[PDB]
There are 2 protein chains.
Amino acid sequence: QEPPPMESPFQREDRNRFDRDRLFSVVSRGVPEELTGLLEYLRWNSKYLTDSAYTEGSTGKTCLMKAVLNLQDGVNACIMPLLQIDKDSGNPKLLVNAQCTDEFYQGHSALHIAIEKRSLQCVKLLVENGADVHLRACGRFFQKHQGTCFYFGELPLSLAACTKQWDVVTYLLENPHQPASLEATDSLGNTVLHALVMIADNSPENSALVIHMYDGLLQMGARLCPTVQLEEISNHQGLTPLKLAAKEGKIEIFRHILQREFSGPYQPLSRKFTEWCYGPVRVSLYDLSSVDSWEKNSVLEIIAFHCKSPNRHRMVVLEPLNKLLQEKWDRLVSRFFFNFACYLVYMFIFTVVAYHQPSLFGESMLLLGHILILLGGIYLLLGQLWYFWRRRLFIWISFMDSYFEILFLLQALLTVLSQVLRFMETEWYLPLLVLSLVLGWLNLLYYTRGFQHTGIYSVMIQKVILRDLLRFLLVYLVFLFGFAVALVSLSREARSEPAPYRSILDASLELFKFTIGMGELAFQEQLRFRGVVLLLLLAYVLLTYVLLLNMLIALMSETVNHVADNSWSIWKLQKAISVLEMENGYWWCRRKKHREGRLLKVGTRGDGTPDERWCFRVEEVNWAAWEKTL
Amino acid sequence: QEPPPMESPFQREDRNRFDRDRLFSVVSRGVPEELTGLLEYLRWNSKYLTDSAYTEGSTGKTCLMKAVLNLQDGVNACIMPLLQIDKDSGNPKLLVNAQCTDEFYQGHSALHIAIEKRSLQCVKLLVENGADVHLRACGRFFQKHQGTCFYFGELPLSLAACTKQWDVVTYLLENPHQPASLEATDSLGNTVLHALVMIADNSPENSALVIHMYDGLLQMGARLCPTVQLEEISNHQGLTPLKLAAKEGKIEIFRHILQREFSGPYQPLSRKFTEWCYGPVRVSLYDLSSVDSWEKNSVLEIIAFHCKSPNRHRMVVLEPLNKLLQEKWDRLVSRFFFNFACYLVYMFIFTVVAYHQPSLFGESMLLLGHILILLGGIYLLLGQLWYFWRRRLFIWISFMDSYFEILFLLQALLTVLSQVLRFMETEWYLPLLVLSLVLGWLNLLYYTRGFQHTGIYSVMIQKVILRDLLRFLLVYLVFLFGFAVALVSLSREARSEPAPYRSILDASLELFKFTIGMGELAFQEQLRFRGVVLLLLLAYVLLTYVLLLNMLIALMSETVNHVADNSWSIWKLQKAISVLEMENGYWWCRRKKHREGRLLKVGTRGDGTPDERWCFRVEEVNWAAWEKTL
């Protein structure tokens, strides 16, 4: 069953002396007088406009919704008589407050539609007869997801500020009948600021919209709600608008929120206080309330771990994240390269043990090597398990940025399973041990991200190619399997040395050896159908080469498009993940975090008491920006 | 410890009846009257405004700096009473001349801040009470380096002309109290013209700024300082603004300085005198004072050797460098190709000697061949040593442009070591000799730069690829080493011919042979774990191929971007290095240099005497430029 459309001129409403159809037909055109005779009717049989007689069957839509959904020049003269009629009939559930009850448009009041229709002269008439302004609308059509959806915060005020409706916000905040509390929260927990950041796109025009509405709304709250801090309020997940804009991926408003500047009035609700400029240089004291890992759910921990957005790496470059992570990394590079040295020692010892191996004093040395390998593996395994315990979901998020933890876990697990399989006298321990050795020598490549010159190239290597290559792999695998079965099912026959293509796997090998550049094709004599095997081999080689060339060319056209080199940002982000995870310290010695930034007395908060915030002074010199001012 | 910020509204100043805090708090707001009671106080206890009581502890900042750092509409009415107060108290070290003493803002007078604040009406009040205008400010914050820095010449005048402040330069040069000497020099030795070229970027807007300020300032010096030549003055390294702009890499002002044209007044301070135009052709007499190698530190020797900038090769194309180097090369190509013939003779003789070799009349011929090889090697070694003696630092500068000298030195050294190791009866002389032969046949490729058609392609070959390829080399080397150790530590075991993968190096070979296109993979029987070796080999081949393709694609996206073909410029520069080094002649016969250009009497210099300069007439025909004028 499809959801009933809110307003269909053609499709009459469902059903699941004025009957409902006549009332709708007279309220749609907008004439007031054709309503006469209705009021007394209700007094005769005690019906009410909100009873299921006159409402739409499915969505519970009432008359007022129909009245407003059909406006002419923003005003429909039939609305006021409806309110007067309901007040005269004396209805318990006031008509204006009536909401839908379907799962699609739940809570969809009559006021949201007036706000969307951009008609203030109707919002006035609505709120001026008892319309409530906190009616959260939590229907599925309003919750953000894939498909048809419109997320605005499930609130009249949030919908006005979300819909550029400047003149309606001032009214909803400045009427004596029922002012809207600017800090109201919906089901999910969002206030209006969160809706603003949830609808924001990276697109420039919509980000301009949201920047403007955010600043204006915030100043308005500064006037109306001076005591309470609108910015620090969190939702039910535990995130503030800044953290939400960081997590969802909305950058272009995250930047403005992070480094916003106000002067004179509304100075306090600023996060970038320009300390001193001199020619080109500017020393600015960026606030970092809730962007320092010293808290529990800081913006860093959200950007790095919880965010899933292809522009996540563009948030770390912008100030003050860059200078902050640079200071942290300069502080912790010692411990990082010490980790590197320890792991390299472990791998060298592992190699030595794998290179001297009995085949069914040196004895004691090798025994100690085995034991030390076991201790290293159990330590590393506990480390990665504590990791994955802290970050349950991370690999669901970013496989291509965080698969090296998976490989470290795999290496530890394989080496420990290998050691116990050795102590179980089994002869299957050498394969697993040597495979763990391979994996370790490969996982060494993770530690190259400390250096710039090499991490740049590593992140110029680890591109999303692999997912594209997998599909070529599928096609080529079908090609190979089919042609191999063919060759074997045909060389099986001989004429009237091992027979070439004796099994299916050996055929697959002698077929794959063409891609390498070693494959051998030859007009043979043992086979009865020599010509057919030759022709089939040539068809396979031609097809494989067309396929390789096709994949390579498609890959090229998918890659080389002069796109901006996103290497530096990616490397900075990887270094950030590393340092941000290492700041917690190892699992056995939980390192005591150190606060960042100095605590400064900045003006006076809205309550009148001295405002004291943690700030971080950065010194950004931009010659080009300074030249333009001159 | 971080450097104390010059001006922090929030952070009170450090410390390392008017106390200091009250004085600062009253001078910041800018009211004059709240100063009353200060003067007599100083007379009571003999304190002075420059004593360490009222100054900032760390940076020695005095009150005046605070006064000026907080302006309103460019004027702070509290300044004049401060000067009057200090003069009334009779202080030895005049307050206005007070400077910081920290290592960061050393010498940072009160006048530099007034100049930066773009307030002339305050510079007037400052200089009109004894402010000195030559106070060099040599703090580390001002010296150009990596990081936060602002280089302007460490002088008030240099800062005004560096900061677009036209109206302040005229004042600093045209006041009766203390005019600024336009030829003043800072610590490093730079005058203002050098600061102008040190801040210049290749960016067009900033180069426009610097061109304009340079021309204006130079005319102003022509009026005020007619006797002295502002352009020829050098700094402590021995460079003039032209040589400095060539060395640092600043092209867009180097061009304008080189070919600048003035008419009528200020005609003499021009370097391009238009001799005669005819339709499209223009014969212009470019001055070459200090761009001819006949001097000691000419611009050519700086461009070619001392410059480190990716646009160095764009300076040689522009006139008059192009025509000059073309004439020099046309003169010296004979000697160049004679060098080529001699070296090719030496290499052919070396090949012949290496191709006839005893293994543990022809005797005498081979002995003479050995002896002649030794003489050639010792000659070439002395040549390259004299080279590296003249140019100590060059290879630090441009490895990719000057590594062939390194290879020539290496070849000579190896052949001489080879000959002596032969005369020491050792059997290790043949490897070194043949390696020297390889190196020589390769170093022959240096002499191809005489021809255009082939040097173009050579410089289209020698691109910076190698540095990128090294990092792929690192990754692939780890891959290979790990998988080789694996294969050997697993083939070591056999079932219940040499065993394949018998050592680690042989495994590395049989693994590298896949990249070449010859590698062999095969389901073997000798090994107990045949399946595992097969699977590991396939994983390695797949990984290597993904890696090769990834590197190739990244390299492609890094290269093919329709960038301007910088081949011709690069080849011209290489030919220029060659001819500019060859003009000195060989080390044993120091060739007598020949002057370039004719000596002409151009107008009259500022002293009134006849001006005589060395000029070079070039004939540039530009059809497109001429068409626009019509």
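Numbers run from 1 along the shown chain.
Placement of Cβ uses the backbone N, Cα and C atoms for every residue, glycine included.
Record features (Swiss-Prot):
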- B:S25: phosphoserine (MOD_RES)
- B:106-151: repeat 'ANK 3' (REPEAT)
- B:188-236: repeat 'ANK 5' (REPEAT)
- B:237-263: repeat 'ANK 6' (REPEAT)
- B:336-356: transmembrane segment (TRANSMEM)
- B:366-386: transmembrane segment (TRANSMEM)
- B:387-392: topological domain 'Cytoplasmic' (TOPO_DOM)
- B:393-413: transmembrane segment (TRANSMEM)
- B:428-448: transmembrane segment (TRANSMEM)
- B:449-469: topological domain 'Cytoplasmic' (TOPO_DOM)
- B:470-490: transmembrane segment (TRANSMEM)
- B:533-553: transmembrane segment (TRANSMEM)
Tell me, by DSSP, whether the residue listed as 'phosphoserine' is helix, strand or coil?
helix
So if I draw a 10 Å sphere around the Cβ of the residue listed as 'phosphoserine', how many other Cβ atoms end up inside it?
14
Recorded stretch, among B:366-386, B:393-413, B:428-448, B:470-490, maximising Cβ pairs under 8 Å relative to the transmembrane segment (B:336-356):
B:428-448
Return the stretch with the most CB pairs under 8 A relative to the transmembrane segment (B:393-413), choosing among B:366-386, B:428-448, B:470-490.
B:366-386
Taking a Cβ cut-off under 8 Å, which residues six or more beyond the ends of the topological domain 'Cytoplasmic' (B:449-469) line up next to it in the same chain?
333, 336-337, 340, 400, 551, 554-555, 558-559, 565, 567-568, 570-571, 574-575, 578
For the topological domain 'Cytoplasmic' (B:387-392), what are the DSSP-based totals of helix, strand and coil residues?
4 helix, 0 strand, 2 coil
Six or more residues out from either end of the topological domain 'Cytoplasmic' (B:387-392), which same-chain residues have a Cβ under 8 Å from its Cβ atoms?
305, 405, 409, 581, 584
